[PDB]
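In the entry's author numbering, the protein residues as written are 0 to 153.
Note that beta-carbon positions come from the ideal geometry of N, C-alpha and C, so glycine has one too.
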Amino acid sequence: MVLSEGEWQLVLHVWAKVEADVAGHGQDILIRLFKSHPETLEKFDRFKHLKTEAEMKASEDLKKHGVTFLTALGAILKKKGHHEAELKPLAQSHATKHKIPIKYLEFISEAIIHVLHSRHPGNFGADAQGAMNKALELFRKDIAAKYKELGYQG
Ligand code: HEM
Numbered sequence: 000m001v002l003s004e005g006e007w008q009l010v011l012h013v014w015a016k017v018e019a020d021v022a023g024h025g026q027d028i029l030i031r032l033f034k035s036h037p038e039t040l041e042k043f044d045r046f047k048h049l050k051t052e053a054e055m056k057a058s059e060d061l062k063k064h065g066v067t068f069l070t071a072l073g074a075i076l077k078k079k080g081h082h083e084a085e086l087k088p089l090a091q092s093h094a095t096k097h098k099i100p101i102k103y104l105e106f107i108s109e110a111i112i113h114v115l116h117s118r119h120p121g122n123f124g125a126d127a128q129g130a131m132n133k134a135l136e137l138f139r140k141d142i143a144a145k146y147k148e149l150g151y152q153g
């Protein structure tokens, strides 16, 4: 799939707002995923023991990881599709070390879109959400092909 330049602009405009608070968004998104799909929390051996959303908010480690995760995603989106080199180390660790099924990457895409919609309504109307969605479907499609090449899932 190929996004047009206008779709990438809608994506990078709302991302420029997200980057004013990277740790806050990282945190909001991971919690949102864990709440919505609690099975995903089991993949993290470091956070698994968290029991409530209050425990999640208060975990410094979780917040540090939400910064790591978000930065990496930001770096991929700013490539505007040309992300082959970035995708390599990510596909290898998530498919071989962490073992993260594509279905989970669909759950986290839904969590990203929930949070942006909550925090940035004026910059995330229907066309901007369609563009963000296109960009994460592109990322999932490419990661899924990498996964196959690595021997995982398909
Ligand atoms: C948009 C997608 C995502 C991005 C860009 C991403 C990014 C990252 C980055 C950059 C790290 C650290 C380095 C590494 O191990 O490669 C990481 C670690 C990890 N990721 Fe993700 N990830 C994504 C989706 C997920 C999903 C959906 C899950 C689980 C349901 C997951 C599970 C983990 C785990 C288990 C680790 C290790 C955490 C720790 O160090 O203990 N990731 N991920």
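By Cβ distance, which residues of its chain are closer than 8 Å to residue i, with the 5 residues on each side in sequence left out?
| i | result |
| --- | --- |
| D60 | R45, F46 |
| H119 | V13, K16, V17 |
| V66 | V21, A22, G25 |
In three-state DSSP terms, what is residue i?
| i | result |
| --- | --- |
| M131 | helix |
| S92 | helix |
| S108 | helix |
| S117 | helix |
| residue 203 | This structure gives no information on residue 203, because the portion of the chain shown stretches from 0 to 153. |
| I99 | coil |
| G73 | helix |
| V66 | helix |
| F138 | helix |
| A53 | helix |
| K47 | coil |
| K79 | coil |
| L2 | coil |
Less than 7 Å between C-beta atoms, sequence neighbours within five positions excluded: which residues of the same chain meet that for residue i?
| i | result |
| --- | --- |
| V114 | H24, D27, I28, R31 |
| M55 | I30, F33, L49, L61 |
| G73 | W14, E18 |
| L69 | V21, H24, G25 |
Give the straight-line distance between the Cα atoms of residue i and residue j, rounded to the nearest whole angstrom.
| i | j | result |
| --- | --- | --- |
| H64 | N132 | 23 Å |
| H97 | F138 | 18 Å |
| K79 | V1 | 9 Å |
| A84 | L40 | 28 Å |
| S108 | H116 | 12 Å |
| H82 | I75 | 6 Å |
| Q128 | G121 | 11 Å |
| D20 | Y151 | 34 Å |
| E4 | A71 | 21 Å |
| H36 | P88 | 25 Å |
| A125 | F106 | 20 Å |
| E52 | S58 | 10 Å |
Am I right that residue i and residue j are in contact with their C-beta atoms under 8 Å? What's the rounded C-beta distance?
| i | j | result |
| --- | --- | --- |
| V13 | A134 | In fact, because the Cβ distance is near 11 Å, the residues do not count as touching under 8 Å. |
| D141 | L104 | Contact doesn't hold; Cβ gap of about 11 Å is too wide. |
| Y146 | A110 | So it is not a contact: roughly 20 Å between Cβ atoms. |
Who are the Cβ neighbours of residue i in its own chain at under 6 Å, not counting the five residues just before and after it?
| i | result |
| --- | --- |
| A130 | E6, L9, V10 |
Sequence ranges, beta strand (DSSP E) only - wholly within the region 6-45, length at least 3: You should have found no qualifying run.
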